[PDB]
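Step one of this worksheet: look at the structure below.
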Amino acid sequence: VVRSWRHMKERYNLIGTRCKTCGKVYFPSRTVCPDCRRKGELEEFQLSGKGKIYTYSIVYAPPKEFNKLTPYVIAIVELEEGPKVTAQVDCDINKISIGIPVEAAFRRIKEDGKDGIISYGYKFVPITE
Amino acid sequence: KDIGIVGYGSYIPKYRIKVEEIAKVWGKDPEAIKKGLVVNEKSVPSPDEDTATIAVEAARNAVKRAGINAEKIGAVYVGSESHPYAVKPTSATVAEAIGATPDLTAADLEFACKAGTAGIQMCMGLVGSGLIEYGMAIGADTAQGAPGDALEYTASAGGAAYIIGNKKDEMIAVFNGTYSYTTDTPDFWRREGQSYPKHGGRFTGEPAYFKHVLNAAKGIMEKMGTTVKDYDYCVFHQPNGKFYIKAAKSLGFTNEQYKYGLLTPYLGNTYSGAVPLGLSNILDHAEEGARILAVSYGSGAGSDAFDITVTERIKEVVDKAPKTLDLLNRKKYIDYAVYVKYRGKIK
Amino acid sequence: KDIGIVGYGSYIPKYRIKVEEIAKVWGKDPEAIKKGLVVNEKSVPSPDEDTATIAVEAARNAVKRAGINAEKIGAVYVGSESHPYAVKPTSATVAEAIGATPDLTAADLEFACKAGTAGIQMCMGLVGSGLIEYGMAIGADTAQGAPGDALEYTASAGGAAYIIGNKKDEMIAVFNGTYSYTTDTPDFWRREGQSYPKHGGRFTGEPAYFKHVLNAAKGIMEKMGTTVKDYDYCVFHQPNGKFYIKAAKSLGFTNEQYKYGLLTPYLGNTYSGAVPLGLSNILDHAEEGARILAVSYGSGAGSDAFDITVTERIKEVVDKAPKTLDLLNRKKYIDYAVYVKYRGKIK
Amino acid sequence: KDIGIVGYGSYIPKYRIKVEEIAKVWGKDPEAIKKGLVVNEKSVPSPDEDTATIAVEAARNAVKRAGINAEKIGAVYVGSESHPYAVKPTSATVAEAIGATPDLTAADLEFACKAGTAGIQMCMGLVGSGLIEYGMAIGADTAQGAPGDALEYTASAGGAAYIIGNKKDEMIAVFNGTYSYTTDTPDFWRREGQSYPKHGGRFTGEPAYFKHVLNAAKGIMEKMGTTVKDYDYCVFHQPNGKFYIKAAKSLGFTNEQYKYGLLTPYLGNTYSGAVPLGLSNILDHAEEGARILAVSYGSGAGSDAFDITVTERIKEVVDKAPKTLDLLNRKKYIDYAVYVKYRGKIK
Amino acid sequence: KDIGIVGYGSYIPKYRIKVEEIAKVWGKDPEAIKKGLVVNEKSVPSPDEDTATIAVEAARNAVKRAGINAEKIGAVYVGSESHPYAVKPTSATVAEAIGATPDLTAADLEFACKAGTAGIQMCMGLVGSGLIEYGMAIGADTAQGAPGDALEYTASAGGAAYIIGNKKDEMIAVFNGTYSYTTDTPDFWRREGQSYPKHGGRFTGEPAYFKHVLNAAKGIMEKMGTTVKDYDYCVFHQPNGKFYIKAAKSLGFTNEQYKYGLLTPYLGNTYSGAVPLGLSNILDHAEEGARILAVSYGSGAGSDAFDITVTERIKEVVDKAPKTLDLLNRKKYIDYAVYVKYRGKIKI
Amino acid sequence: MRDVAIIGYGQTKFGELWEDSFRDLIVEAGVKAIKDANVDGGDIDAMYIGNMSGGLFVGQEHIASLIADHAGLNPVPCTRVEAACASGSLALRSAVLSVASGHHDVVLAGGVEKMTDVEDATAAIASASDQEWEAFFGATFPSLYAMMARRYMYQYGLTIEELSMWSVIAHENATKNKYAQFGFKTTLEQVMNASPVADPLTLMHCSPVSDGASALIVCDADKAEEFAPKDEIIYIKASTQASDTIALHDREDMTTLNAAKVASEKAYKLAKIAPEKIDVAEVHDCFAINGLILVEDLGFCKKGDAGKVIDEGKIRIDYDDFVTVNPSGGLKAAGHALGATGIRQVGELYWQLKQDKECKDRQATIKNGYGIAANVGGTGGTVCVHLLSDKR
Ligand SMILES: [K+]
Ligand SMILES: [K+]
Ligand code: NA
Ligand SMILES: [Zn+2]
């Protein structure tokens with residue numbers, strides 16, 4: 001609920017930060033730059049959802065809530081700006097491999113039971129090309 | 001100048017239940033609740049009443065004040081959190097019940113307690129664009145609070161209806177402008193399955209209700225180039241009297257400016273009827289040339305702001321239908337047992 | 001002065017289920033169903049997709065075609081029969097996901113399968129009145145057919161979004177006029193409690209669907225002074241292919257006029273997304289100066305009719321996002337077991 | 001081998017609700033109800049009390065009267081219509097709660113209001129066969145009546161436990177014989193899904209309750225070669241006072257014979273606990289050599305008859321635990337609001 | 001004084017569903033599930049069948065083997081986890097369907113999968129005390145596993161009835177003794193409201209199933225002064241094939257001793273019918289003088305142990321009704337769609 | 001800066017412990033450690049316990065007070081240290097730093113875990129990962145380590161057969177351990193054809209969820225001679241700790257644990273030793289790949305050629321000319337009680353370097369008298385390294 005509310009623009013729109021001192025792009029957005037610390041000047045930066053599979057795994061026995069999705073692809077995607085993210089990939093388990101170009105998609109990531117909040121966010125999909 | 005209210009109407013069911021009657025059952029101190037929430041009692045619909053009937057009563061009263069043939073109404077919108085059907089529309093029943101059918105458009109609106117005013121804006125657009133001559137917007141609800149919960153002290157039944165027109169000779173009030181502030185916020189919600197809602201507790205206040213109400217109030221006053229001193233009366237969303245007053249005081253409104261708008265202490269929270277009912281009571285008392293600020297609020301996070309000016313034609317119409325305050329004082333008290341019976345809170 | 005569509009977009013999930021797969025389970029003749037309903041297969045949403053995600057995909061594709069900054073979108077309306085929350089609004093999530101927040105109005109519209117087109121009219125009014133520069137109207141749904149019922153063969157998932165602007169240089173299509181026919185009709189409904197709807201059977205057809213669709217089509221053509229000969233293409237509500245064609249043929253439309261609008265045979269009934277999706281496919285194929293007749297229908301007793309003309313700017317934008325037909329043909333078939341798993345039809 | 005009761009015990013919760021309090025809410029004449037059913041008030045369980053707890057309280061009281069170590073109990077049977085779990089057994093909790101575990105057998109019994117007495121027969125067999133030395137049979141229920149219904153006036157909480165033994169000196173009462181009349185009757189039932197039952201109305205009366213009770217009475221008196229003059233006291237099933245007396249009077253029992261057995265007027269119908277509780281009150285008052293007749297009833301269509309003779313040892317045991325009548329008069333009245341709160345009759 | 005089984009009967013519905021068909025839907029490896037639980041398939045009741053019909057079929061078969069007039073049956077007990085009604089008793093409909101009515105007592109039994117054997121003990125007592133001449137005890141169930149869950153591979157329908165008597169010349173088997181071990185254990189349960197049960201996972205095995213089954217087996221053999229060598233055949237509770245074998249092997253039983261009682265790889269877990277059905281298959285094959293150990297288990301935390309001896313009358317009655325193994329092999333396979341349809345697992 | 005040594009070590013059995021209550025586990029470890037230590041309960045100046053679960057299963061925080069209360073050692077101070085799977089070593093390191101300060105002379109460092117009580121341990125174990133940015137999206141703990149394994153294979157050509165060889169050694173070694181959760185041997189085919197949890201990992205590449213407890217008794221090197229004989233005293237040369245990014249997707253290189261490189265290097269520097277001198281090592285092999293990677297990061301071989309090192313069998317107890325790794329079953333076969341594992345690793349080095357009767361059957365050959373332990377929290381966000389020696 002409250003935690004969902006804070007990182008919505010990140011999960012929904014992939015909005016990270018850019019350090020002008022470095023030039024480096026960070027996602028998720030950081031409050032303190034790991035290199036420059038207080039010196040780093042931060043501006044909000046909108047990432048494109050485009051990225052490539054850096055590594056991946058297929059989850060065969062997940063929590064009871066992911067029963068419909070089983071087996072699913074979890075992966076670490078290297079985005080074209082540089083940041084890496086962990087997310088699921090909507091594709092057949094035989095079609096996934098390292099280096100596959102993917103694109104972020106707005107999906108229903110979770111729900112807090114029958115009565116709680118629904119949590120949306122990014123899930124990657126392979127590009128048509 | 002182009003767009004304005006030509007008629008307004010309201011309805012409140014007769015049954016009430018005092019805070020004391022609810023607290024008694026749940027082992028709470030009534031005076032603590034009353035002081036805390038700024039609420040004394042609330043409206044209870046009869047078992048043969050619902051959001052549709054309430055909407056119809058209010059719609060019919062608005063037509064009386066407008067003094068126009070309902071065949072001229074080109075759109076009916078009903079904003080509620082408690083539409084009787086999940087699929088069949090309330091607005092279609094209200095249209096049939098006022099004989100506006102069949103040459104019109106309609107839709108049922110959902111946006112927590114902001115749904116009623118959402119439709120006012122829709123009617124403003126359609127009349128202003130010339131797509132229709134008159135539009136009706138209704139905000140009505142038969143709210144249900146969870147038996148053990150605090151929302152049980154406020155959740156109540158009521159509705160008010162507004163007819164929007166283009167004719168200076170028929171306008172009793174004029175829209176100077178509208179503004180809306182909307183975000184995605186999980187402060188309060190109800191999932192399709194559940195009969196009673198779930199809330200985030202203290203997260204509902206500052207980060208949601210105040211954030212959206214005050215931003216919308218500041219946005220409209222920025223849009224109009226206006227200050228708190230320019231407005232004669234104000235009405236805000238009133239989940240309880242506490243929130244309403246804090247917001248009014250925060251913006252710099254005095255009791256004389258906000259008193260007419262605040263009905264919750266003796267009516268409760270009618271959700272989508274709340275601000276519409278408040279505004280209707282302001283219009284029952286208002287004089288020519290009075291400027292009103294009206295700001296609504298909806299969970300999931302939205303607020304609609306209005307800047308309205310009252311016209312010469314106001315006193316002509318007030319007595320054409322029942323005054324909000326008269327409906328509010330024609331009442332019959334019930335105990336909790338009868339209340340749970342009426343509400344179908346019985347298993 | 002002139003109102004028109006500046007951008008449109010659509011989304012269809014990848015999964016399908018053939019009639020044959022459903023019939024097999026329930027002991028029915030697939031060829032009989034296919035012939036009767038004029039339907040071959042339908043769209044099935046992924047378990048991680050819902051009306052909100054579908055609306056967001058559409059909305060985002062409409063923004064690409066519009067080529068405008070979403071900060072300029074003044075209201076977002078989402079018309080659905082399957083909003084994820086009973087109280088928290090979808091339209092806010094959509095607004096947040098396209099970055100139109102916070103300076104906007106929004107509302108979630110309910111009117112069976114006509115809620116989508118209801119919001120187009122709302123955006124038409126607000127833009128035309130000058131209250132907003134751009135408004136977005138979405139029609140999306142992840143429909144539910146009862147397991148044993150015939151609605152299981154058609155009820156499907158899909159969405160389309162439309163952005164409305166005033167500026168001629170940005171418009172790809174122009175509204176010549178709109179008309180609506182609305183009554184109170186108990187042909188089909190769903191009570192707040194129930195997960196699956198109830199219908200009146202044969203009373204749904206002639207007295208309800210045809211009555212409202214044909215009256216609205218006749219009404220628009222009277223308003224605009226047209227004839228079936230004046231229109232280049234047409235799109236009607238398509239609960240099944242049978243009803244759609246009957247209506248088209250009844251008004252005197254040839255196959256060449258109605259073929260693009262009819263998607264149900266391979267898509268199913270996407271309820272609030274049906275005519276929006278059909279209209280989007282017409283726009284994907286349409287040439288400059290084409291006149292479209294679009295008539296929607298909603299179970300409660302509603303129909304919205306549109307008279308649209310296609311502009312020069314059409315070929316510029318079509319390829320800026322996925323064509324409706326491309327989404328429709330990018331598909332993956334599933335059996336009935338998988339389908340009931342995905343849709344949560346399992347207890 | 002001769003079989004008999006070595007110990008008995010009972011429990012009734014403290015809360016009551018008068019007929020007047022229920023009638024008041026539902027708009028009925030209390031005097032009409034009271035006269036009709038022969039009922040003045042009924043016991044209510046605390047929100048922290050359930051069938052198990054009642055069974056444990058009564059089991060524990062029976063052990064006090066028996067004066068034996070619970071480790072010697074070789075079977076515990078709990079008959080109820082309201083077992084807290086649909087699968088996990090109550091009898092296992094009761095066995096643990098008195099320390100008879102682990103060397104024993106147990107089972108939860110379902111047969112409407114006859115279950116309790118069905119286990120008495122089971123214990124009779126197991127000690128009589130020599131398979132165990134002591135067996136416990138409990139009848140207890142937390143009764144729920146539909147809010148609007150007449151069963152709301154009678155459905156109540158309570159229970160009673162009986163320890164059956166083989167030894168002569170330890171018996172406080174002796175079984176002369178048992179008889180049962182069972183057929184398939186749809187007078188009253190509840191389906192697995194439903195929380196409240198459905199009934200036959202008038203069909204439960206004469207055809208079902210009287211037929212089985214009376215046939216089981218002639219069955220035991222034919223089996224024992226006895227008449228109604230031979231019995232000192234009697235206890236029948238008591239859905240209401242009206243039925244109980246009409247059965248007693250029909251067989252030729254005088255008020256002096258049936259008065260101790262009838263508790264419903266101030267206790268209500270404790271379903272499985274009804275006859276056991278009645279029999280326990282008879283045993284609280286009975287003198288040595290008293291021959292009693294006990295006939296139970298269960299809605300599905302069965303009845304259990306008992307022919308019992310009281311022994312010298314009663315004068316010792318009665319005061320070792322609370323008398324049924326003392327528990328019945330240890331009471332605290334509540335209104336209907338608190339009652340629906342306690343019972344979880346709230347949504 | 002001497003108590004024994006005069007007649008026994010069993011019923012299994014025709015429909016089956018292979019593990020492969022369920023796994024396919026839920027994205028699991030069938031060979032993994034198949035290997036683990038040693039389950040290949042399970043029985044599925046027709047949509048016009050339930051625990052009452054299954055109990056009636058088995059009851060009727062037991063009367064055929066007994067060869068006695070049902071008017072003589074003085075008690076009918078039905079042990080189930082899936083009685084059609086929450087209030088109206090199954091045992092009453094079964095009594096009516098055998099024509100034992102009206103001179104009898106009856107009751108519906110609940111104790112997870114032990115319910116069936118609980119009633120056998122009840123009948124033993126009433127016949128032994130002389131209160132009745134014949135009693136019938138039935139263990140039947142139309143179990144339903146949660147769609148996503150592993151219990152979906154085993155949950156099955158089946159039933160078995162036993163008629164208990166005291167006449168020496170009518171007995172086909174004789175009770176040497178019974179023993180029960182019962183505690184309060186929250187390993188598995190279902191609360192009145194819920195349609196599907198909740199389980200504790202691995203806490204169901206060692207601390208619950210093994211604890212009660214082995215203690216009850218040890219307890220009866222201490223009561224009878226016997227050893228694992230004295231018994232010719234054995235039947236334990238069969239939630240999974242694995243649990244059954246581990247228990248048998250733990251006590252020192254060889255495959256030849258436990259092979260006849262284990263039906264779960266091709267029948268599934270019939271809950272209250274499990275051991276009764278297993279015991280019935282042992283009796284279908286057993287020779288005169290065969291010593292049987294039968295131990296049941298119920299989730300609430302209970303076990304019933306039996307020490308049985310076969311009689312020469314066995315050869316005569318076996319063919320009077322359908323053999324358990326014949327019912328088990330008369331079968332029709334279905335896919336998962338038809339299965340959820342039949343079971344009413346789909347929302348309607 | 002006083003020198004610290006270990007006088008004793010006590011360990012409960014590991015795994016599905018249904019009978020043993022939580023209080024029985026901590027007592028059982030504590031009393032066994034006290035006997036080996038030959039100290040009285042009154043001699044303990046302070047207790048340091050680390051628990052990752054923190055009654056996530058139980059619902060109980062303030063576990064330290066509870067433990068001291070039930071131990072009957074009030075009013076001695078008891079403190080709880082937390083760092084996921086590394087909570088044990090961190091409790092030890094905190095215990096070392098108090099002795100070193102001189103504020104306490106005899107301190108107990110313990111670890112205890114109860115995961116059998118909850119039906120789904122998966123949710124609690126995942127707590128070590130970033131909930132907002134990994135767990136939220138469905139990244140299970142085995143899937144994170146499977147993603148490490150995948151990238152390692154992609155970069156260094158490790159095969160599934162090589163990786164599976166790590167498990168057969170572990171299970172072979174565990175048969176010589178009475179406290180081990182699994183006392184059976186396995187083949188390569190059995191490891192590879194086991195039920196898959198997360199591709200490429202199978203069930204036989206993962207450590208199990210398990211209950212248990214272990215406690216060490218730390219004392220000042222000078223005072224240690226009072227309670228124990230010199231030959232049964234083992235000295236803690238250095239206790240190092242380092243940190244890394246909590247999320248795997250934030251690491252500069254996934255195939256390596258920098259926090260292990262940082263901590264191990266600092267530990268070698270203070271001991272003035274090279275990795276070639278280490279006789280026995282206990283590494284965090286919760287997912288086998290974690291076993292390979294730590295062997296490289298502790299400097300026993302170069303990056304990439306871990307697969308060759310095991311497929312040959314260099315790390316086996318029978319092998320002579322190389323370091324012996326996880327002679328006890330390890331997390332894979334001995335078991336993995338999150339809070340107690342960090343302690344257990346060190347207690348094994350204690351036994352191995354003092355040639356104790358407990359590890360007689362799995363006794364490694366001790367040439368230089370040195371042993372290292374590497375405990376890891378989560379995917380590597382925290383690593384704590386302890387280096388032990390028979391000589392002060
Ligand atoms: K709704
Ligand atoms: K039941
Ligand atoms: Na509607
Ligand atoms: Zn920087």
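Following the order of the structure tokens, chains are lettered A, B, ..., residues in each are numbered from 1, and ligands are numbered from 1.
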Dump the neighbourhood of ligand 2 as a VMD selection string: all residues within 7 Å, distances computed on only C-alpha atoms and all ligand atoms.
-> (chain D and resid 86 192) or (chain E and resid 83 86)
RMSD over all C-alpha atoms, chain D superposed on chain B in order?
-> 0.4 Å
At most 7 Å to chain E: residues in chain D, only C-alpha atoms, as a ChimeraX atom specification = /D:81,84-89,92-93,96,101-105,107-112,115,118,122,125-126,128-129,131,180-184,189-192,299-300
Please determine the contact residues of chain A with respect to chain E at a cut-off of 8 Å, counting only C-alpha atoms, and supply them as a list in words.
->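 Residues of chain A within 8 Å of chain E, counting only C-alpha atoms: residues 60, 64, 67, 68, 70 and 71 of chain A.
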Could you pull out the residues in region 155-203 of chain E that DSSP calls strand (DSSP E) from the backbone, as a list in words?
->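 Result set for region 155-203 of chain E (strand (DSSP E)): residues 157, 158, 159, 160, 161, 162, 163, 164, 165, 173, 174, 175, 176, 177, 178, 179, 180, 181, 182, 188, 189, 198 and 199 of chain E.
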Generate the output file for the selected residues, N, CA, C and O atoms, as a short mmCIF file (atom, residue, chain, number, x, y, z; two decimals), in the first residue's frame.
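Contents of selection_27.cif, freshly written:
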```
data_model
loop_
_atom_site.label_atom_id
_atom_site.label_comp_id
_atom_site.auth_asym_id
_atom_site.auth_seq_id
_atom_site.Cartn_x
_atom_site.Cartn_y
_atom_site.Cartn_z
N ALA E 157 -12.63 -40.63 -5.17
CA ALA E 157 -13.87 -41.15 -4.62
C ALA E 157 -13.88 -42.68 -4.60
O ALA E 157 -13.19 -43.31 -5.40
N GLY E 158 -14.40 -43.23 -3.52
CA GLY E 158 -14.53 -44.66 -3.35
C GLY E 158 -15.16 -44.97 -2.01
O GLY E 158 -15.28 -44.08 -1.17
N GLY E 159 -15.65 -46.18 -1.86
CA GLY E 159 -16.35 -46.57 -0.64
C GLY E 159 -16.21 -48.03 -0.30
O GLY E 159 -15.83 -48.84 -1.15
N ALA E 160 -16.54 -48.39 0.94
CA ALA E 160 -16.51 -49.78 1.36
C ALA E 160 -17.32 -49.98 2.64
O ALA E 160 -17.22 -49.19 3.57
N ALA E 161 -18.15 -51.02 2.65
CA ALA E 161 -19.03 -51.31 3.77
C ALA E 161 -18.69 -52.67 4.38
O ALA E 161 -18.12 -53.54 3.71
N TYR E 162 -18.93 -52.80 5.67
CA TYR E 162 -18.65 -54.01 6.42
C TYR E 162 -19.83 -54.31 7.34
O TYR E 162 -20.32 -53.42 8.04
N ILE E 163 -20.33 -55.56 7.29
CA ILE E 163 -21.39 -56.00 8.19
C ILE E 163 -20.81 -56.87 9.30
O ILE E 163 -20.06 -57.80 9.02
N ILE E 164 -21.08 -56.50 10.55
CA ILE E 164 -20.48 -57.16 11.70
C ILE E 164 -21.52 -58.04 12.38
O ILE E 164 -22.66 -57.61 12.55
N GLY E 165 -21.14 -59.27 12.72
CA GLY E 165 -22.05 -60.24 13.34
C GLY E 165 -21.42 -61.04 14.46
O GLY E 165 -20.23 -60.91 14.72
N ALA E 173 -14.43 -63.50 8.72
CA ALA E 173 -13.23 -63.00 9.38
C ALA E 173 -13.57 -62.64 10.82
O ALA E 173 -14.74 -62.40 11.13
N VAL E 174 -12.58 -62.71 11.71
CA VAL E 174 -12.81 -62.56 13.14
C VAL E 174 -11.92 -61.49 13.75
O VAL E 174 -10.71 -61.50 13.56
N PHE E 175 -12.52 -60.60 14.56
CA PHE E 175 -11.74 -59.59 15.27
C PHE E 175 -11.05 -60.22 16.46
O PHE E 175 -11.71 -60.80 17.32
N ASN E 176 -9.72 -60.14 16.49
CA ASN E 176 -8.94 -60.60 17.63
C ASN E 176 -8.80 -59.46 18.63
O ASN E 176 -8.70 -59.71 19.84
N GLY E 177 -8.83 -58.24 18.14
CA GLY E 177 -8.75 -57.06 18.99
C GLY E 177 -8.60 -55.77 18.22
O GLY E 177 -8.17 -55.78 17.07
N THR E 178 -8.91 -54.65 18.88
CA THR E 178 -8.75 -53.33 18.28
C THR E 178 -8.03 -52.40 19.25
O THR E 178 -7.99 -52.68 20.45
N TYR E 179 -7.37 -51.38 18.71
CA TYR E 179 -6.66 -50.40 19.53
C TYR E 179 -6.70 -49.05 18.82
O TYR E 179 -6.78 -49.01 17.59
N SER E 180 -6.73 -47.96 19.58
CA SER E 180 -6.77 -46.63 18.99
C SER E 180 -5.83 -45.67 19.70
O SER E 180 -5.76 -45.66 20.93
N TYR E 181 -5.16 -44.83 18.92
CA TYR E 181 -4.26 -43.81 19.41
C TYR E 181 -4.77 -42.47 18.91
O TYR E 181 -4.93 -42.30 17.71
N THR E 182 -5.14 -41.57 19.83
CA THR E 182 -5.73 -40.29 19.43
C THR E 182 -5.14 -39.13 20.23
O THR E 182 -5.18 -39.14 21.45
N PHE E 188 -3.93 -30.98 9.65
CA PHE E 188 -4.83 -30.75 8.52
C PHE E 188 -6.24 -30.57 9.04
O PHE E 188 -6.62 -31.18 10.04
N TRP E 189 -6.98 -29.67 8.43
CA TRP E 189 -8.32 -29.34 8.90
C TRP E 189 -9.10 -28.63 7.79
O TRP E 189 -8.52 -28.23 6.77
N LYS E 198 -7.12 -26.71 4.44
CA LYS E 198 -5.79 -26.12 4.62
C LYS E 198 -4.92 -27.14 5.34
O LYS E 198 -5.44 -27.90 6.16
N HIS E 199 -3.64 -27.25 4.96
CA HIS E 199 -2.73 -28.22 5.55
C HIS E 199 -1.45 -27.54 6.06
O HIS E 199 -1.14 -26.41 5.68
#
```
Compile the residues of chain A that lie within 6 Å of chain F, evaluated using only C-alpha atoms, and express the compilation as a VMD selection string.
-> chain A and resid 55 to 61 84 to 87
Output N, CA and C atoms for every residue in that selection, as a PDB file, in the first residue's frame.
```pdb
ATOM      1  N   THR A  55      20.873 -12.274 -17.833  1.00  0.00           N
ATOM      2  CA  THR A  55      20.833 -13.641 -17.328  1.00  0.00           C
ATOM      3  C   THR A  55      19.375 -13.959 -17.065  1.00  0.00           C
ATOM      4  N   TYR A  56      19.056 -15.223 -16.819  1.00  0.00           N
ATOM      5  CA  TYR A  56      17.668 -15.632 -16.632  1.00  0.00           C
ATOM      6  C   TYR A  56      17.571 -16.959 -15.909  1.00  0.00           C
ATOM      7  N   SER A  57      16.395 -17.252 -15.374  1.00  0.00           N
ATOM      8  CA  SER A  57      16.131 -18.536 -14.738  1.00  0.00           C
ATOM      9  C   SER A  57      14.659 -18.884 -14.941  1.00  0.00           C
ATOM     10  N   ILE A  58      14.324 -20.172 -14.849  1.00  0.00           N
ATOM     11  CA  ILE A  58      12.946 -20.612 -14.980  1.00  0.00           C
ATOM     12  C   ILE A  58      12.466 -21.168 -13.660  1.00  0.00           C
ATOM     13  N   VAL A  59      11.462 -20.532 -13.062  1.00  0.00           N
ATOM     14  CA  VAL A  59      10.978 -20.922 -11.745  1.00  0.00           C
ATOM     15  C   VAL A  59       9.906 -21.999 -11.862  1.00  0.00           C
ATOM     16  N   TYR A  60      10.219 -23.219 -11.424  1.00  0.00           N
ATOM     17  CA  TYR A  60       9.308 -24.348 -11.587  1.00  0.00           C
ATOM     18  C   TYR A  60       8.399 -24.551 -10.380  1.00  0.00           C
ATOM     19  N   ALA A  61       8.837 -24.118  -9.187  1.00  0.00           N
ATOM     20  CA  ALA A  61       8.044 -24.304  -7.976  1.00  0.00           C
ATOM     21  C   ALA A  61       7.986 -23.014  -7.173  1.00  0.00           C
ATOM     22  N   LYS A  84      20.597  -2.334 -14.630  1.00  0.00           N
ATOM     23  CA  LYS A  84      20.008  -3.663 -14.718  1.00  0.00           C
ATOM     24  C   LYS A  84      18.847  -3.780 -13.725  1.00  0.00           C
ATOM     25  N   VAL A  85      17.808  -4.507 -14.130  1.00  0.00           N
ATOM     26  CA  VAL A  85      16.645  -4.725 -13.286  1.00  0.00           C
ATOM     27  C   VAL A  85      16.294  -6.206 -13.288  1.00  0.00           C
ATOM     28  N   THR A  86      15.661  -6.655 -12.202  1.00  0.00           N
ATOM     29  CA  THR A  86      15.113  -7.990 -12.084  1.00  0.00           C
ATOM     30  C   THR A  86      13.621  -7.904 -12.343  1.00  0.00           C
ATOM     31  N   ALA A  87      13.112  -8.780 -13.208  1.00  0.00           N
ATOM     32  CA  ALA A  87      11.713  -8.779 -13.616  1.00  0.00           C
ATOM     33  C   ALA A  87      11.364 -10.105 -14.290  1.00  0.00           C
TER      34      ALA A  87
END
```
Residues of chain D within 8 Å of chain B, only C-alpha atoms counted, as a PDB file with C-alpha atoms, in the first residue's frame:
```pdb
ATOM      1  CA  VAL D  25     -36.753  -5.898  16.295  1.00  0.00           C
ATOM      2  CA  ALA D 146     -31.965 -17.275  10.868  1.00  0.00           C
ATOM      3  CA  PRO D 147     -32.394 -13.616  11.886  1.00  0.00           C
ATOM      4  CA  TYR D 336     -30.624  -8.060  20.242  1.00  0.00           C
ATOM      5  CA  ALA D 337     -27.755  -5.808  19.061  1.00  0.00           C
ATOM      6  CA  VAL D 338     -25.264  -7.420  21.456  1.00  0.00           C
ATOM      7  CA  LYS D 341     -22.633  -9.077  17.664  1.00  0.00           C
ATOM      8  CA  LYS D 345     -24.644 -12.707  12.680  1.00  0.00           C
ATOM      9  CA  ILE D 346     -23.152  -9.383  11.462  1.00  0.00           C
ATOM     10  CA  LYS D 347     -21.800  -9.452   7.818  1.00  0.00           C
TER      11      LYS D 347
END
```
If we count only C-alpha atoms, which residues of chain E reach to within 10 Å of chain F? Please list them as a ChimeraX atom specification.
-> /E:28-29,31-33,36,199-203,206-207
Just C-alpha atoms for this one: save the residues we selected as a compact mmCIF listing (two decimals), in the first residue's frame.
```txt
# COMPACT_ATOMS: atom_id res chain seq x y z
CA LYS E 28 4.60 -29.71 -13.58
CA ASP E 29 6.74 -32.73 -14.57
CA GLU E 31 7.30 -38.24 -13.91
CA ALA E 32 8.48 -36.25 -10.88
CA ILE E 33 5.02 -36.27 -9.23
CA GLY E 36 7.43 -39.04 -5.68
CA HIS E 199 -2.73 -28.22 5.55
CA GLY E 200 0.51 -27.72 7.52
CA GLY E 201 2.72 -29.15 4.77
CA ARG E 202 5.63 -31.25 6.08
CA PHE E 203 4.14 -31.23 9.60
CA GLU E 206 6.45 -37.43 10.51
CA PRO E 207 4.79 -35.73 13.52
```
